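Worksheet: one structure, shown below.
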Amino acid sequence: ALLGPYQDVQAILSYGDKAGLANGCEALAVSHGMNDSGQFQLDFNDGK
Amino acid sequence: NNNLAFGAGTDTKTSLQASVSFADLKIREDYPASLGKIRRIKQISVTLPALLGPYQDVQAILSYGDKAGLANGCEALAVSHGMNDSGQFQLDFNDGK
Amino acid sequence: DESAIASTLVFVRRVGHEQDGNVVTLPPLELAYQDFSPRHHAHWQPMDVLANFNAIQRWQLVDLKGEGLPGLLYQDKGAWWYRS
């Protein structure tokens, strides 16, 4: 999308079904559109 | 709490204090209440798109003017260069602190 | 007027010849072109207008929006700034 001067993007991605997820793993917040993710920093090896 | 002023310390009389109220920034309003009620700040970074060069420094201190159960020294952050400028020489969100 | 850098047409003259070898000339057309003379013209001008234009910060000289001259584009985190 195109954005204004310093505008952000608010969106919540969530799974609308039953799954063995730990609490909070059911959703991801998008803050910006640049291939964003659920964390502030993505690391596939932090033990979580 | 949304203003500019000179300070009233004994050595801050020449310092400009740029203050804003969190209550008036309307952060909570961005997301539905149902997502959770506890909404807390994790990190603040300062950007100054100034005519401030790579060899020029800016002296500025960001501080919280209120009561909070902060770790000692977490009440303030110093700014040096203004480009996504954090309070640390290295920013690490996973150092245990 | 021939040089390795450029060869330009500088003189056009129409002439004729008589049967006895004499020559008839008309006033020639003379042409002149601009010269490139950095050896005499190298005028240094300080520039205050390009404030903080730093080669090692997020700055570039680009024309935006179809304009013929480049402006100063600064790409910040979250915004672009521009001086046309």
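Scheme for the structure tokens: letters A, B, ... for chains in order shown; per-chain residue numbers from 1; ligand numbers from 1 in order shown.
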
Given a cut-off of 12 Å, which residues of chain A touch chain B, counting only C-alpha atoms, written out as a ChimeraX atom specification? /A:6-14,24,26-31,39-43,46

So that I have them on file, write out the residues from the current selection with N, CA and C atoms, as a PDB file, in the first residue's frame.
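Once written, result_37.pdb looks like this:
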ATOM      1  N   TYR A   6       4.360   9.712   7.947  1.00  0.00           N
ATOM      2  CA  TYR A   6       4.815   8.683   8.862  1.00  0.00           C
ATOM      3  C   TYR A   6       3.639   7.901   9.352  1.00  0.00           C
ATOM      4  N   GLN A   7       2.936   7.266   8.436  1.00  0.00           N
ATOM      5  CA  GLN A   7       1.784   6.482   8.829  1.00  0.00           C
ATOM      6  C   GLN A   7       2.154   5.033   9.010  1.00  0.00           C
ATOM      7  N   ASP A   8       1.425   4.356   9.882  1.00  0.00           N
ATOM      8  CA  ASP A   8       1.631   2.940  10.107  1.00  0.00           C
ATOM      9  C   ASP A   8       0.487   2.109   9.557  1.00  0.00           C
ATOM     10  N   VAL A   9       0.622   0.799   9.688  1.00  0.00           N
ATOM     11  CA  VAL A   9      -0.375  -0.135   9.229  1.00  0.00           C
ATOM     12  C   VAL A   9      -0.869  -0.975  10.358  1.00  0.00           C
ATOM     13  N   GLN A  10      -2.153  -0.977  10.590  1.00  0.00           N
ATOM     14  CA  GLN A  10      -2.656  -1.792  11.670  1.00  0.00           C
ATOM     15  C   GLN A  10      -3.411  -2.984  11.187  1.00  0.00           C
ATOM     16  N   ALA A  11      -2.894  -4.164  11.437  1.00  0.00           N
ATOM     17  CA  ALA A  11      -3.679  -5.312  11.031  1.00  0.00           C
ATOM     18  C   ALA A  11      -3.387  -6.515  11.898  1.00  0.00           C
ATOM     19  N   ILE A  12      -4.399  -7.310  12.165  1.00  0.00           N
ATOM     20  CA  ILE A  12      -4.183  -8.511  12.948  1.00  0.00           C
ATOM     21  C   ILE A  12      -4.433  -9.752  12.172  1.00  0.00           C
ATOM     22  N   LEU A  13      -3.450 -10.607  12.130  1.00  0.00           N
ATOM     23  CA  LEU A  13      -3.614 -11.856  11.450  1.00  0.00           C
ATOM     24  C   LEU A  13      -3.899 -12.906  12.488  1.00  0.00           C
ATOM     25  N   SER A  14      -4.968 -13.655  12.329  1.00  0.00           N
ATOM     26  CA  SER A  14      -5.259 -14.675  13.322  1.00  0.00           C
ATOM     27  C   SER A  14      -5.840 -15.946  12.745  1.00  0.00           C
ATOM     28  N   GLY A  24      -1.253 -16.921  22.601  1.00  0.00           N
ATOM     29  CA  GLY A  24      -0.630 -15.818  21.894  1.00  0.00           C
ATOM     30  C   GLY A  24      -0.102 -16.264  20.536  1.00  0.00           C
ATOM     31  N   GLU A  26      -1.853 -17.752  18.459  1.00  0.00           N
ATOM     32  CA  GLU A  26      -3.019 -17.675  17.610  1.00  0.00           C
ATOM     33  C   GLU A  26      -3.048 -16.386  16.797  1.00  0.00           C
ATOM     34  N   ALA A  27      -2.167 -15.411  17.096  1.00  0.00           N
ATOM     35  CA  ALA A  27      -2.260 -14.161  16.352  1.00  0.00           C
ATOM     36  C   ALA A  27      -0.939 -13.428  16.172  1.00  0.00           C
ATOM     37  N   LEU A  28      -0.893 -12.663  15.101  1.00  0.00           N
ATOM     38  CA  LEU A  28       0.230 -11.859  14.691  1.00  0.00           C
ATOM     39  C   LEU A  28      -0.171 -10.427  14.391  1.00  0.00           C
ATOM     40  N   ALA A  29       0.535  -9.463  14.952  1.00  0.00           N
ATOM     41  CA  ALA A  29       0.190  -8.085  14.650  1.00  0.00           C
ATOM     42  C   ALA A  29       1.102  -7.497  13.619  1.00  0.00           C
ATOM     43  N   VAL A  30       0.502  -6.893  12.629  1.00  0.00           N
ATOM     44  CA  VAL A  30       1.205  -6.216  11.579  1.00  0.00           C
ATOM     45  C   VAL A  30       1.289  -4.758  11.958  1.00  0.00           C
ATOM     46  N   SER A  31       2.504  -4.217  11.954  1.00  0.00           N
ATOM     47  CA  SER A  31       2.725  -2.813  12.283  1.00  0.00           C
ATOM     48  C   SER A  31       3.066  -2.021  11.042  1.00  0.00           C
ATOM     49  N   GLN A  39       6.934 -10.790  15.789  1.00  0.00           N
ATOM     50  CA  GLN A  39       7.804 -10.288  16.815  1.00  0.00           C
ATOM     51  C   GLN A  39       8.387  -8.960  16.424  1.00  0.00           C
ATOM     52  N   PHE A  40       9.185  -8.350  17.303  1.00  0.00           N
ATOM     53  CA  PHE A  40       9.901  -7.171  16.857  1.00  0.00           C
ATOM     54  C   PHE A  40      11.106  -7.638  16.058  1.00  0.00           C
ATOM     55  N   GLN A  41      11.631  -8.803  16.427  1.00  0.00           N
ATOM     56  CA  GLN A  41      12.755  -9.403  15.737  1.00  0.00           C
ATOM     57  C   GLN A  41      12.456 -10.872  15.509  1.00  0.00           C
ATOM     58  N   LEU A  42      12.678 -11.345  14.297  1.00  0.00           N
ATOM     59  CA  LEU A  42      12.420 -12.740  13.988  1.00  0.00           C
ATOM     60  C   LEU A  42      13.668 -13.568  14.033  1.00  0.00           C
ATOM     61  N   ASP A  43      13.613 -14.593  14.848  1.00  0.00           N
ATOM     62  CA  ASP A  43      14.703 -15.515  15.056  1.00  0.00           C
ATOM     63  C   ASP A  43      14.137 -16.906  15.148  1.00  0.00           C
ATOM     64  N   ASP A  46      15.366 -19.218  18.807  1.00  0.00           N
ATOM     65  CA  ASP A  46      15.400 -18.681  20.164  1.00  0.00           C
ATOM     66  C   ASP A  46      14.813 -19.632  21.198  1.00  0.00           C
TER      67      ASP A  46
END

I'd like the contact shell of range 75-88 of chain B - 7 Å cut-off, only C-alpha atoms, skipping same-chain residues fewer than 6 positions apart - returned as a PyMOL selection string. chain B and resi 44-48+57-64

With C-alpha atoms retained, write the just-selected residues as a PDB file, in the first residue's frame.
ATOM      1  CA  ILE B  44      11.366   4.000  22.385  1.00  0.00           C
ATOM      2  CA  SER B  45      13.643   5.225  19.610  1.00  0.00           C
ATOM      3  CA  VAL B  46      14.217   8.840  18.625  1.00  0.00           C
ATOM      4  CA  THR B  47      14.449  10.162  15.104  1.00  0.00           C
ATOM      5  CA  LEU B  48      15.411  13.690  14.224  1.00  0.00           C
ATOM      6  CA  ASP B  57      26.116  15.200  17.356  1.00  0.00           C
ATOM      7  CA  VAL B  58      22.966  16.208  19.083  1.00  0.00           C
ATOM      8  CA  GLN B  59      22.637  16.275  22.758  1.00  0.00           C
ATOM      9  CA  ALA B  60      19.235  15.342  23.903  1.00  0.00           C
ATOM     10  CA  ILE B  61      17.694  13.385  26.735  1.00  0.00           C
ATOM     11  CA  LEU B  62      14.390  11.679  26.683  1.00  0.00           C
ATOM     12  CA  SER B  63      12.851  11.060  30.062  1.00  0.00           C
ATOM     13  CA  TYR B  64       9.651   9.916  31.694  1.00  0.00           C
TER      14      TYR B  64
END

Specify as a PyMOL selection string all residues of chain B found within 7 Å of chain C, counting only C-alpha atoms. chain B and resi 51-53

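Here CA of residue 25 in chain B and CA of residue 25 in chain A stand 28.6 Å from one another.
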
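Counting from CA of residue 73 in chain B, the distance to CA of residue 95 in chain B is 16.4 Å.
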
Neighbours of residue 5 in chain B within 10 Å (only C-alpha atoms; same-chain residues fewer than 5 positions away dropped), as a list in words?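 So, after excluding close chain neighbours, the residues are residues 13, 14, 15, 16, 17, 18 and 19 of chain B.
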
Those residues you just picked out, can you put them in a file as a JSON list (two decimals), in the first residue's frame with N, CA and C atoms?
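Result file is result-v8.json:
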[["chain", "number", "residue", "atom", "x", "y", "z"],
["B", 13, "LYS", "N", 18.43, 25.70, 32.79],
["B", 13, "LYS", "CA", 17.71, 26.92, 32.45],
["B", 13, "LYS", "C", 17.81, 27.25, 30.98],
["B", 14, "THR", "N", 18.81, 26.68, 30.33],
["B", 14, "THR", "CA", 19.10, 26.87, 28.94],
["B", 14, "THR", "C", 18.72, 25.65, 28.14],
["B", 15, "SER", "N", 18.01, 24.71, 28.75],
["B", 15, "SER", "CA", 17.63, 23.52, 28.04],
["B", 15, "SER", "C", 16.20, 23.59, 27.56],
["B", 16, "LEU", "N", 15.95, 23.23, 26.31],
["B", 16, "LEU", "CA", 14.56, 23.20, 25.86],
["B", 16, "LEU", "C", 13.94, 21.89, 26.22],
["B", 17, "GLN", "N", 12.77, 21.95, 26.78],
["B", 17, "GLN", "CA", 12.05, 20.76, 27.15],
["B", 17, "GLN", "C", 10.83, 20.56, 26.29],
["B", 18, "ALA", "N", 10.91, 19.59, 25.39],
["B", 18, "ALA", "CA", 9.81, 19.30, 24.49],
["B", 18, "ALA", "C", 8.97, 18.19, 25.09],
["B", 19, "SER", "N", 7.81, 18.52, 25.61],
["B", 19, "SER", "CA", 7.05, 17.49, 26.32],
["B", 19, "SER", "C", 5.74, 17.13, 25.68]]

Determine which residues of chain B DSSP labels as helix (DSSP H, G or I) from the backbone of this structure, then write them out as a PDB file with N, CA and C atoms, in the first residue's frame.
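Done, and the output landed in out-v7.pdb:
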ATOM      1  N   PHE B  22       1.296  11.003  26.923  1.00  0.00           N
ATOM      2  CA  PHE B  22       0.923   9.741  26.312  1.00  0.00           C
ATOM      3  C   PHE B  22      -0.564   9.659  26.163  1.00  0.00           C
ATOM      4  N   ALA B  23      -1.273  10.207  27.120  1.00  0.00           N
ATOM      5  CA  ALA B  23      -2.714  10.159  27.120  1.00  0.00           C
ATOM      6  C   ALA B  23      -3.300  10.822  25.881  1.00  0.00           C
ATOM      7  N   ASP B  24      -2.590  11.785  25.312  1.00  0.00           N
ATOM      8  CA  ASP B  24      -3.097  12.512  24.181  1.00  0.00           C
ATOM      9  C   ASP B  24      -2.575  11.973  22.866  1.00  0.00           C
ATOM     10  N   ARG B  28      -3.856   3.744  22.390  1.00  0.00           N
ATOM     11  CA  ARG B  28      -4.753   2.633  22.674  1.00  0.00           C
ATOM     12  C   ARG B  28      -5.791   2.425  21.603  1.00  0.00           C
ATOM     13  N   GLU B  29      -6.304   3.521  21.094  1.00  0.00           N
ATOM     14  CA  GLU B  29      -7.360   3.611  20.105  1.00  0.00           C
ATOM     15  C   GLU B  29      -7.069   2.906  18.777  1.00  0.00           C
ATOM     16  N   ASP B  30      -5.798   2.669  18.476  1.00  0.00           N
ATOM     17  CA  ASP B  30      -5.417   2.034  17.228  1.00  0.00           C
ATOM     18  C   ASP B  30      -5.895   0.596  17.107  1.00  0.00           C
ATOM     19  N   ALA B  33     -10.286  -3.257  21.812  1.00  0.00           N
ATOM     20  CA  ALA B  33     -10.095  -3.543  23.229  1.00  0.00           C
ATOM     21  C   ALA B  33      -9.972  -5.007  23.486  1.00  0.00           C
ATOM     22  N   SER B  34     -10.673  -5.782  22.697  1.00  0.00           N
ATOM     23  CA  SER B  34     -10.734  -7.213  22.861  1.00  0.00           C
ATOM     24  C   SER B  34      -9.398  -7.914  22.663  1.00  0.00           C
ATOM     25  N   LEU B  35      -8.420  -7.232  22.072  1.00  0.00           N
ATOM     26  CA  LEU B  35      -7.112  -7.820  21.840  1.00  0.00           C
ATOM     27  C   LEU B  35      -6.307  -7.931  23.109  1.00  0.00           C
TER      28      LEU B  35
END

Would you mind reading off the distance between CA of residue 30 in chain C and CA of residue 3 in chain C, one decimal, in Å?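 Interatomic distance here is 17.8 Å.
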